[PDB]
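Colleague: Would you mind keeping the following structure in view while I ask a few things?
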4 protein chains.
Amino acid sequence: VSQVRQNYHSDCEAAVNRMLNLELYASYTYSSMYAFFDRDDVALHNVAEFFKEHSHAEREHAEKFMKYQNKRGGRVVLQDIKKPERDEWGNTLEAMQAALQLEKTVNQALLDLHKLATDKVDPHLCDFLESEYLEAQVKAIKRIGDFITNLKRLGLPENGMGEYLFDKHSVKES
Amino acid sequence: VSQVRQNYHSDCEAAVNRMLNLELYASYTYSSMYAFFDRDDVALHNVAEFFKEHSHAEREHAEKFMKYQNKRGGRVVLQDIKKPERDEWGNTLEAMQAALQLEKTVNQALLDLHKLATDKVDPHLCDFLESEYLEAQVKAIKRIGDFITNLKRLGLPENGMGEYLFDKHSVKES
Amino acid sequence: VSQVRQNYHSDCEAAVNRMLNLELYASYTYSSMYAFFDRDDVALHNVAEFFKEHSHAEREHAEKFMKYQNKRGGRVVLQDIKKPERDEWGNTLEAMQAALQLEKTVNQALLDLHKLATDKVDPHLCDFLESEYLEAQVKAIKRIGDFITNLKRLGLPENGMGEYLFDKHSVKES
Amino acid sequence: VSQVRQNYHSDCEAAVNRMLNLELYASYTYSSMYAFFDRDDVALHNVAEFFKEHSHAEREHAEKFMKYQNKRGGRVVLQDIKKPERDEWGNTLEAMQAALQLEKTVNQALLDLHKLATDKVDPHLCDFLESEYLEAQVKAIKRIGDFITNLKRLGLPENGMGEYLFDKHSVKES
Ligand SMILES: [Cl-]
Ligand SMILES: [Cl-]
Ligand SMILES: [Cl-]
Ligand SMILES: [Cl-]
Ligand SMILES: [Cl-]
Ligand SMILES: [Cl-]
Ligand SMILES: [Cl-]
Ligand SMILES: [Cl-]
Ligand SMILES: [Cl-]
Ligand SMILES: [Cl-]
Ligand SMILES: [Cl-]
Ligand SMILES: [Cl-]
Ligand SMILES: [Cl-]
Ligand SMILES: [Cl-]
Ligand SMILES: [Cl-]
Ligand SMILES: [Cl-]
Ligand SMILES: [Cl-]
Ligand SMILES: [Cl-]
Ligand SMILES: [Cl-]
Ligand SMILES: [Cl-]
Ligand SMILES: [Cl-]
Ligand SMILES: [Cl-]
Ligand SMILES: [Cl-]
Ligand SMILES: [Cl-]
Ligand SMILES: [Cl-]
Ligand SMILES: [Cl-]
Ligand SMILES: [Cl-]
Ligand SMILES: [Cl-]
Ligand SMILES: [Cl-]
Ligand SMILES: [Cl-]
Ligand SMILES: [Cl-]
Ligand SMILES: [Cl-]
Ligand SMILES: [Cl-]
Ligand SMILES: [Cl-]
Ligand SMILES: [Cl-]
Ligand SMILES: [Cl-]
Ligand SMILES: [Cl-]
Ligand SMILES: [Cl-]
Ligand SMILES: [Cl-]
Ligand SMILES: [Cl-]
Ligand SMILES: [Cl-]
Ligand SMILES: [Cl-]
Ligand SMILES: [Cl-]
Ligand SMILES: [Cl-]
Ligand SMILES: [Cl-]
Ligand SMILES: [Cl-]
Ligand SMILES: [Cl-]
Ligand SMILES: [Cl-]
Ligand SMILES: [Cl-]
Ligand SMILES: [Cl-]
Ligand SMILES: [Cl-]
Ligand SMILES: [Cl-]
Ligand SMILES: [Cl-]
Ligand SMILES: [Cl-]
Ligand SMILES: [Cl-]
Ligand SMILES: [Cl-]
Ligand SMILES: [Cl-]
Ligand SMILES: [Cl-]
Ligand SMILES: [Cl-]
Ligand SMILES: [Cl-]
Ligand SMILES: [Cl-]
Ligand SMILES: [Cl-]
Ligand SMILES: [Cl-]
Ligand SMILES: [Cl-]
Ligand SMILES: [Cl-]
Ligand SMILES: [Cl-]
Ligand SMILES: [Cl-]
Ligand SMILES: [Cl-]
Ligand SMILES: [Cl-]
Ligand SMILES: [Cl-]
Ligand SMILES: [Cl-]
Ligand SMILES: [Cl-]
Ligand SMILES: [Cl-]
Ligand SMILES: [Cl-]
Ligand SMILES: [Fe+2]
Ligand SMILES: [Fe+2]
Ligand SMILES: [Fe+2]
Ligand SMILES: [Fe+2]
Ligand SMILES: [Mg+2]
Ligand SMILES: [Mg+2]
Ligand SMILES: [Mg+2]
Ligand SMILES: [Mg+2]
Ligand SMILES: [Mg+2]
Ligand SMILES: [Mg+2]
Ligand SMILES: [Mg+2]
Ligand SMILES: [Mg+2]
Ligand SMILES: [Mg+2]
Ligand SMILES: [Mg+2]
Ligand SMILES: [Mg+2]
Ligand SMILES: [Mg+2]
Ligand SMILES: [Mg+2]
Ligand SMILES: [Mg+2]
Ligand SMILES: [Mg+2]
Ligand SMILES: [Mg+2]
Ligand SMILES: [Mg+2]
Ligand SMILES: [Mg+2]
Ligand SMILES: [Mg+2]
Ligand SMILES: [Mg+2]
Ligand SMILES: [Mg+2]
Ligand SMILES: [Mg+2]
Ligand SMILES: [Mg+2]
Ligand SMILES: [Mg+2]
Ligand SMILES: [Mg+2]
Ligand SMILES: [Mg+2]
Ligand SMILES: [Mg+2]
């Protein structure tokens with residue numbers, strides 16, 4: 001037993017490792033979207049940068065779970081980071097739809113971890129999730145939903161002018 | 001009788017209370033429009049902020065009538081603030097059309113109050129309306145009319161790209 | 001179903017709308033107290049300003065619930081804002097007693113909403129209430145209780161000098 | 001006829017001269033109150049300064065009527081400035097009551113001048129009164145009424161501690 005460990009269930013330790021892997025998986029998916037929008041035959045630079053920044057944020061989420069695991073006396077166990085579901089992402093609308101689904105998958109895993117922490121009577125882990133993860137997911141989901149609404153209004157997928165304008169006006173200029 | 005009261009007719013006092021209620025009603029309508037444009041399935045942020053700011057301005061108009069009432073020795077009497085006419089506002093064009101109508105309803109009430117103040121030979125109340133309310137209404141009505149003209153030019157309600165562009169270019173970026 | 005909605009029960013959505021209305025009701029009550037203390041026959045300016053600021057804070061509380069509703073994919077539904085219970089508030093002691101009761105009514109509604117969120121296993125809503133609402137209520141209740149103790153010490157309601165001194169020394173000079 | 005004169009009735013010219021005299025009369029009354037509160041057996045310095053400043057303001061009001069008269073092509077005609085009604089002013093409450101009455105006498109004269117200007121179809125004179133005089137009177141009357149309410153709350157005339165506290169806290173420290 002780690003000398004620091006107190007009130008930390010083995011099941012929670014394992015679930016934190018699984019959650020870490022999912023954050024890394026999400027990072028990698030976002031990195032793939034970055035590279036896609038940077039292609040010369042796609043060329044939506046601001047969209048590409050949005051996904052690159054999302055990729056970096058997910059890596060930070062993963063690192064924060066590593067630090068958490070060690071703070072509680074659990075042991076980080078890494079698994080393979082699976083490659084993303086697609087090699088090409090269609091267009092801004094398809095990519096944003098995939099991002100929404102991914103953020104909701106991540107959110108569900110966080111909510112499930114909170115259920116487990118609640119079941120094991122671990123208020124520190126509950127606090128950590130509530131204070132560092134759950135609101136970030138709600139914000140991200142809202143942002144991406146708002147984007148999808150605007151992409152549909154702009155006539156995606158068919159309206160190339162609409163897609164061009166989204167990249168100029170809806171995402172940060174990079 | 002209030003020790004400060006001088007040349008202030010009971011009818012004017014009552015009409016000021018009714019006008020206060022109408023300002024609060026207008027505030028609440030604008031708040032509803034804010035919340036509508038903030039919906040994930042509407043997502044026109046700058047339009048939402050325009051209405052939020054309008055809501056705040058109407059609350060200031062109401063507070064200024066409360067202060068006025070007390071300065072003259074009248075007594076503030078509050079009534080229920082009725083909920084807005086609609087729960088959802090369609091799109092930017094429909095909302096702006098409703099806003100134009102609301103501003104003209106408020107303006108008519110102010111003009112009617114000025115008629116009453118004139119009839120009761122209350123130059124202080126006339127001055128107050130002319131100096132603090134009537135020009136603000138004319139300016140607001142002109143601004144919203146100009147917006148409606150531009151929304152029609154942009155192809156509302158059908159042209160979603162037009163609606164997107166209005167939010168980017170016609171209202172302040174927030 | 002809203003594209004953003006996840007783990008958000010219909011009952012919680014409805015209770016958030018009811019809570020929004022109560023915040024607006026509280027705002028309106030505080031606005032009435034402001035106008036009362038601004039009367040020429042009451043004339044306790046610092047007390048009036050305390051209530052005006054409280055009114056503004058409650059409106060901010062309401063707006064934060066509107067934003068929350070939309071973040072979760074619920075839909076804001078507004079009802080009439082009922083006028084306050086009284087048209088005149090007696091004196092500083094009676095008004096502070098009414099304010100204490102109102103803050104405890106608001107607090108009970110927030111606690112009841114937290115119970116519902118707990119029952120529906122909504123940790124995001126629990127966090128929101130705990131992080132943005134519950135401590136603010138405890139602080140406000142303590143502040144107003146402290147004021148009431150001091151008003152009683154100062155001989156309210158009979159001791160007019162005591163009431164005068166409270167306005168000079170216990171509430172912020174405005 | 002003055003070369004500048006246009007739309008300026010003889011009756012209005014005369015009434016402006018009478019109003020000028022009343023402003024000077026009010027100034028002189030306030031000067032008397034200043035000297036009273038500066039007496040060693042009265043010794044309420046902040047109250048004295050309040051009245052001294054009021055005296056100066058009334059002289060400015062008079063000078064503005066002189067300038068107005070000449071701008072319109074009327075001719076300033078001065079009469080004696082009558083001494084104030086009392087040689088001693090009792091206490092802060094009695095003086096404030098006299099000040100309230102004086103401000104309402106001045107206000108009535110201004111309102112009567114506005115009636116005359118209206119009757120003679122002189123919108124410039126109406127504007128001048130509304131923009132430079134009528135709101136100043138409403139503000140002054142409200143301020144003095146608020147003071148009287150507070151003096152009564154503080155137990156005037158009998159409560160000397162109350163009178164002392166009013167001078168420290170209700171009027172500007174000089
Ligand atoms: Cl343990
Ligand atoms: Cl334990
Ligand atoms: Cl264990
Ligand atoms: Cl593991
Ligand atoms: Cl794993
Ligand atoms: Cl593996
Ligand atoms: Cl596998
Ligand atoms: Cl996919
Ligand atoms: Cl693929
Ligand atoms: Cl997914
Ligand atoms: Cl889990
Ligand atoms: Cl727990
Ligand atoms: Cl968070
Ligand atoms: Cl947010
Ligand atoms: Cl957007
Ligand atoms: Cl299209
Ligand atoms: Cl198209
Ligand atoms: Cl957008
Ligand atoms: Cl009257
Ligand atoms: Cl009159
Ligand atoms: Cl009347
Ligand atoms: Cl009324
Ligand atoms: Cl009403
Ligand atoms: Cl009502
Ligand atoms: Cl009704
Ligand atoms: Cl409508
Ligand atoms: Cl509707
Ligand atoms: Cl209307
Ligand atoms: Cl009217
Ligand atoms: Cl008039
Ligand atoms: Cl105006
Ligand atoms: Cl203008
Ligand atoms: Cl425009
Ligand atoms: Cl079109
Ligand atoms: Cl179209
Ligand atoms: Cl425009
Ligand atoms: Cl749901
Ligand atoms: Cl869940
Ligand atoms: Cl549900
Ligand atoms: Cl509801
Ligand atoms: Cl309700
Ligand atoms: Cl209702
Ligand atoms: Cl009802
Ligand atoms: Cl009550
Ligand atoms: Cl009542
Ligand atoms: Cl209550
Ligand atoms: Cl509830
Ligand atoms: Cl929960
Ligand atoms: Cl809080
Ligand atoms: Cl505290
Ligand atoms: Cl206190
Ligand atoms: Cl006492
Ligand atoms: Cl007493
Ligand atoms: Cl003191
Ligand atoms: Cl205190
Ligand atoms: Cl002439
Ligand atoms: Cl003419
Ligand atoms: Cl003439
Ligand atoms: Cl003359
Ligand atoms: Cl004279
Ligand atoms: Cl003479
Ligand atoms: Cl004489
Ligand atoms: Cl006298
Ligand atoms: Cl005398
Ligand atoms: Cl007089
Ligand atoms: Cl006259
Ligand atoms: Cl005229
Ligand atoms: Cl003025
Ligand atoms: Cl004022
Ligand atoms: Cl005062
Ligand atoms: Cl007393
Ligand atoms: Cl006494
Ligand atoms: Cl002090
Ligand atoms: Cl005072
Ligand atoms: Fe993440
Ligand atoms: Fe208004
Ligand atoms: Fe509140
Ligand atoms: Fe004057
Ligand atoms: Mg060891
Ligand atoms: Mg284990
Ligand atoms: Mg996994
Ligand atoms: Mg594989
Ligand atoms: Mg937080
Ligand atoms: Mg946004
Ligand atoms: Mg009275
Ligand atoms: Mg009446
Ligand atoms: Mg009405
Ligand atoms: Mg109804
Ligand atoms: Mg103006
Ligand atoms: Mg313009
Ligand atoms: Mg949908
Ligand atoms: Mg429902
Ligand atoms: Mg309710
Ligand atoms: Mg009712
Ligand atoms: Mg917490
Ligand atoms: Mg906190
Ligand atoms: Mg304290
Ligand atoms: Mg000549
Ligand atoms: Mg003449
Ligand atoms: Mg005279
Ligand atoms: Mg004489
Ligand atoms: Mg007329
Ligand atoms: Mg006029
Ligand atoms: Mg003015
Ligand atoms: Mg004041």
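Letters A, B, ... mark the chains of the structure tokens in the order given; residue numbers begin at 1 per chain; ligand numbers begin at 1, in order shown.
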May I ask you to write as a PDB file with N, CA and C atoms, in the first residue's frame all residues lying at most 9 Å from ligand 38, with only C-alpha atoms and all ligand atoms counted?

Modeller:
```
ATOM      1  N   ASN A 107     -17.646  13.146 -21.719  1.00  0.00           N
ATOM      2  CA  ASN A 107     -18.530  13.557 -20.627  1.00  0.00           C
ATOM      3  C   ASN A 107     -19.206  12.358 -19.959  1.00  0.00           C
ATOM      4  N   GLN A 108     -19.689  11.406 -20.752  1.00  0.00           N
ATOM      5  CA  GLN A 108     -20.331  10.245 -20.150  1.00  0.00           C
ATOM      6  C   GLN A 108     -19.367   9.447 -19.291  1.00  0.00           C
ATOM      7  N   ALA A 109     -18.124   9.322 -19.746  1.00  0.00           N
ATOM      8  CA  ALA A 109     -17.120   8.614 -18.963  1.00  0.00           C
ATOM      9  C   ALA A 109     -16.829   9.341 -17.646  1.00  0.00           C
ATOM     10  N   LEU A 110     -16.787  10.669 -17.691  1.00  0.00           N
ATOM     11  CA  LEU A 110     -16.582  11.454 -16.477  1.00  0.00           C
ATOM     12  C   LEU A 110     -17.761  11.307 -15.512  1.00  0.00           C
ATOM     13  N   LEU A 111     -18.984  11.346 -16.042  1.00  0.00           N
ATOM     14  CA  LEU A 111     -20.178  11.156 -15.225  1.00  0.00           C
ATOM     15  C   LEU A 111     -20.193   9.755 -14.614  1.00  0.00           C
ATOM     16  N   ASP A 112     -19.778   8.756 -15.386  1.00  0.00           N
ATOM     17  CA  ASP A 112     -19.713   7.399 -14.862  1.00  0.00           C
ATOM     18  C   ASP A 112     -18.657   7.277 -13.762  1.00  0.00           C
ATOM     19  N   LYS A 115     -20.167   8.694 -10.655  1.00  0.00           N
ATOM     20  CA  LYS A 115     -21.048   7.669 -10.054  1.00  0.00           C
ATOM     21  C   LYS A 115     -20.251   6.682  -9.217  1.00  0.00           C
TER      22      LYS A 115
ATOM     23  N   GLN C   6     -27.382  16.329 -22.151  1.00  0.00           N
ATOM     24  CA  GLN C   6     -26.821  15.088 -21.639  1.00  0.00           C
ATOM     25  C   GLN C   6     -26.979  15.073 -20.135  1.00  0.00           C
ATOM     26  N   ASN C   7     -27.634  14.030 -19.636  1.00  0.00           N
ATOM     27  CA  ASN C   7     -27.859  13.875 -18.200  1.00  0.00           C
ATOM     28  C   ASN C   7     -28.634  15.016 -17.547  1.00  0.00           C
ATOM     29  N   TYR C   8     -29.599  15.584 -18.262  1.00  0.00           N
ATOM     30  CA  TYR C   8     -30.346  16.736 -17.752  1.00  0.00           C
ATOM     31  C   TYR C   8     -31.822  16.377 -17.715  1.00  0.00           C
ATOM     32  N   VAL C 121     -29.236  12.447 -10.082  1.00  0.00           N
ATOM     33  CA  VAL C 121     -27.835  12.115 -10.309  1.00  0.00           C
ATOM     34  C   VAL C 121     -27.226  13.077 -11.344  1.00  0.00           C
ATOM     35  N   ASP C 122     -27.326  14.367 -11.022  1.00  0.00           N
ATOM     36  CA  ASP C 122     -26.831  15.452 -11.875  1.00  0.00           C
ATOM     37  C   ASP C 122     -25.741  16.206 -11.118  1.00  0.00           C
TER      38      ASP C 122
END
```

Colleague: Residues at most 10 Å from residue 157 of chain C, counting only C-alpha atoms, excluding those fewer than 5 positions away in the same chain, as a list in words?

Modeller: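 Surrounding residues, per the criterion: residues 90, 91, 92, 93, 94, 151, 152, 162 and 163 of chain C.
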
Colleague: Got a sec: who's within 8 Å of residue 36 of chain B, counting only C-alpha atoms, leaving out chain neighbours fewer than 5 positions off, as a PyMOL selection string?

Modeller: (chain B and resi 42+48+88-89) or (chain C and resi 76)

Colleague: Keeping only N, CA, C and O atoms, write the selected residues as a PDB file, in the first residue's frame.

Modeller:
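New file result_33.pdb:
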```
ATOM      1  N   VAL B  42     -30.010  28.250 -31.881  1.00  0.00           N
ATOM      2  CA  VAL B  42     -30.163  29.582 -32.465  1.00  0.00           C
ATOM      3  C   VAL B  42     -28.762  30.166 -32.640  1.00  0.00           C
ATOM      4  O   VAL B  42     -28.317  30.394 -33.768  1.00  0.00           O
ATOM      5  N   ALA B  48     -27.869  38.173 -29.436  1.00  0.00           N
ATOM      6  CA  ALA B  48     -28.253  37.933 -28.042  1.00  0.00           C
ATOM      7  C   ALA B  48     -27.779  39.059 -27.135  1.00  0.00           C
ATOM      8  O   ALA B  48     -28.535  39.557 -26.295  1.00  0.00           O
ATOM      9  N   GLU B  88     -40.672  32.004 -27.763  1.00  0.00           N
ATOM     10  CA  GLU B  88     -39.601  31.833 -28.745  1.00  0.00           C
ATOM     11  C   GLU B  88     -39.814  32.897 -29.810  1.00  0.00           C
ATOM     12  O   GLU B  88     -40.954  33.291 -30.052  1.00  0.00           O
ATOM     13  N   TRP B  89     -38.722  33.369 -30.421  1.00  0.00           N
ATOM     14  CA  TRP B  89     -38.778  34.589 -31.211  1.00  0.00           C
ATOM     15  C   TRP B  89     -38.474  34.390 -32.689  1.00  0.00           C
ATOM     16  O   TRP B  89     -38.296  35.374 -33.404  1.00  0.00           O
TER      17      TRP B  89
ATOM     18  N   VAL C  76     -35.498  28.068 -21.553  1.00  0.00           N
ATOM     19  CA  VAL C  76     -35.995  29.089 -20.644  1.00  0.00           C
ATOM     20  C   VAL C  76     -37.487  29.293 -20.895  1.00  0.00           C
ATOM     21  O   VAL C  76     -37.914  29.490 -22.040  1.00  0.00           O
TER      22      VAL C  76
END
```

Colleague: Throw together the list of residues within 12 Å of ligand 102, counting only C-alpha atoms and all ligand atoms, and drop it here as a PyMOL selection string.

Modeller: (chain B and resi 114-123+126) or (chain D and resi 114-123+126)

Colleague: Keeping C-alpha atoms for every residue in the selection just given, could you write it to a file as a PDB file, in the first residue's frame?

Modeller:
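Wrote part_25.pdb, looks like this:
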```pdb
ATOM      1  CA  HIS B 114     -46.465  64.140 -22.220  1.00  0.00           C
ATOM      2  CA  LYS B 115     -50.042  65.008 -23.328  1.00  0.00           C
ATOM      3  CA  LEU B 116     -51.258  64.457 -19.784  1.00  0.00           C
ATOM      4  CA  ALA B 117     -48.411  66.514 -18.290  1.00  0.00           C
ATOM      5  CA  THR B 118     -49.220  69.286 -20.763  1.00  0.00           C
ATOM      6  CA  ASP B 119     -52.914  69.137 -19.864  1.00  0.00           C
ATOM      7  CA  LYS B 120     -52.052  69.389 -16.143  1.00  0.00           C
ATOM      8  CA  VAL B 121     -49.583  72.233 -16.793  1.00  0.00           C
ATOM      9  CA  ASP B 122     -46.554  70.331 -15.449  1.00  0.00           C
ATOM     10  CA  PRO B 123     -43.507  71.713 -17.258  1.00  0.00           C
ATOM     11  CA  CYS B 126     -42.681  67.637 -19.796  1.00  0.00           C
TER      12      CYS B 126
ATOM     13  CA  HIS D 114     -43.367  79.502 -17.318  1.00  0.00           C
ATOM     14  CA  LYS D 115     -47.179  79.948 -17.554  1.00  0.00           C
ATOM     15  CA  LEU D 116     -46.674  83.512 -18.730  1.00  0.00           C
ATOM     16  CA  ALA D 117     -43.998  82.497 -21.255  1.00  0.00           C
ATOM     17  CA  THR D 118     -46.344  79.795 -22.538  1.00  0.00           C
ATOM     18  CA  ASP D 119     -49.208  82.284 -22.820  1.00  0.00           C
ATOM     19  CA  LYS D 120     -46.971  84.684 -24.792  1.00  0.00           C
ATOM     20  CA  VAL D 121     -45.685  81.844 -27.004  1.00  0.00           C
ATOM     21  CA  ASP D 122     -42.033  82.267 -25.964  1.00  0.00           C
ATOM     22  CA  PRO D 123     -40.389  78.858 -26.342  1.00  0.00           C
ATOM     23  CA  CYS D 126     -39.799  78.179 -21.554  1.00  0.00           C
TER      24      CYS D 126
END
```

Colleague: Got a sec: who's within 7 Å of residue 81 of chain C, counting only C-alpha atoms, leaving out chain neighbours fewer than 4 positions off, as a list in words?

Modeller: residues 80, 81 and 82 of chain B; 21, 24 and 25 of chain C

Colleague: Need the shell around segment 98-106 of chain C: protein/DNA/RNA residues with any atom at most 8 Å away, counting only C-alpha atoms. Skip same-chain ones fewer than 6 positions apart. Format as a ChimeraX atom specification?

Modeller: /C:22-23,26,30,137,140-141,144-145

Colleague: Could you list, as a ChimeraX atom specification, every residue of chain B that has an atom within 7 Å of an atom of chain A, counting only C-alpha atoms?

Modeller: /B:40-43,160-161
